[PDB]
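According to the deposited numbering, the stretch in the sequence shown is residues 6 to 141, in order. Only one structure is covered here, and it is reproduced in the block below.
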Amino acid sequence: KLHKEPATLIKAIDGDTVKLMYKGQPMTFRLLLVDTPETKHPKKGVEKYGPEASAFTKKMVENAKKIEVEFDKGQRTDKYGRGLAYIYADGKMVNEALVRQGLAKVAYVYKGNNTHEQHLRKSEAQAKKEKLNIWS
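Encoded structure:
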């Protein structure tokens with residue numbers, strides 16, 4: 006069973022990454038199973054929908070009264086030291102909201118973290134069927 010833990014927003018970084026205060030310290034979290042268009046790498050620069058995904062994530066965590074983190078059953082940090090989790094804002098999963106809104110594609114599973122992959126896949130399919138944002 007996965008369990009949701011409280012966290013406090015420090016700052017939204019990109020569509021896919023947020024810095025949170027988790028169990029007393031600041032930590033950067035990378036959202037599990039989602040790939041959003043980036044607004045940063047010196048390679049490609051700022052991909053289409055990058056700014057929208059960013060604004061999307063930022064709005065969601067910034068207006069939340071409660072942010073919760075949910076680690077999966079696989080590895081909990083990437084090679085860069087980022088926590089790999091599902092993030093919730095007032096009980097809504099940000100990971101899913103991005104996918105459902107056509108602002109992220111579902112990523113390949115990473116080292117056993119697949120609890121919500123099917124759920125995300127369904128949402129992606131729906132966003133695709135609606136030709137939303139990225140799927141437009």
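Cβ coordinates follow ideal geometry from the N, Cα and C atoms, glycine included.
Could you compute how far the alpha carbon of residue i sits from the alpha carbon of residue j?
{"i": "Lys134", "j": "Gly29", "result": "42 Å"}
{"i": "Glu57", "j": "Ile72", "result": "21 Å"}
{"i": "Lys136", "j": "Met26", "result": "36 Å"}
{"i": "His124", "j": "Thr41", "result": "17 Å"}
What is the DSSP secondary structure of residue i, reduced to helix, strand or coil?
{"i": "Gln30", "result": "strand"}
{"i": "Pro47", "result": "coil"}
{"i": "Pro11", "result": "strand"}
{"i": "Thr62", "result": "helix"}
{"i": "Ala90", "result": "strand"}
{"i": "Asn68", "result": "coil"}
{"i": "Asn118", "result": "strand"}
Using C-beta distances below 8 Å, list every residue in its chain close to residue i, excluding the 5 sequence neighbours before and after it, in chain order.
{"i": "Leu89", "result": "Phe34, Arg35, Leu37, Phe76, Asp77, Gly79, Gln80, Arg81, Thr82, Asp83, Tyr115 and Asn118"}
Tell me residue i's beta-bridge partners as DSSP assigns them.
{"i": "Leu38", "result": "DSSP, once it has assigned bridges, lists no residue as partnering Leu38."}
{"i": "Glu75", "result": "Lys9 and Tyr91"}
Does the pairing of the segment 76 to 83 with the segment 93 to 104 give three or more beta-carbon distances under 8 Å?
no
Three CB pairs or more closer than 8 Å across the segment 48 to 65 and the segment 14 to 28:
yes
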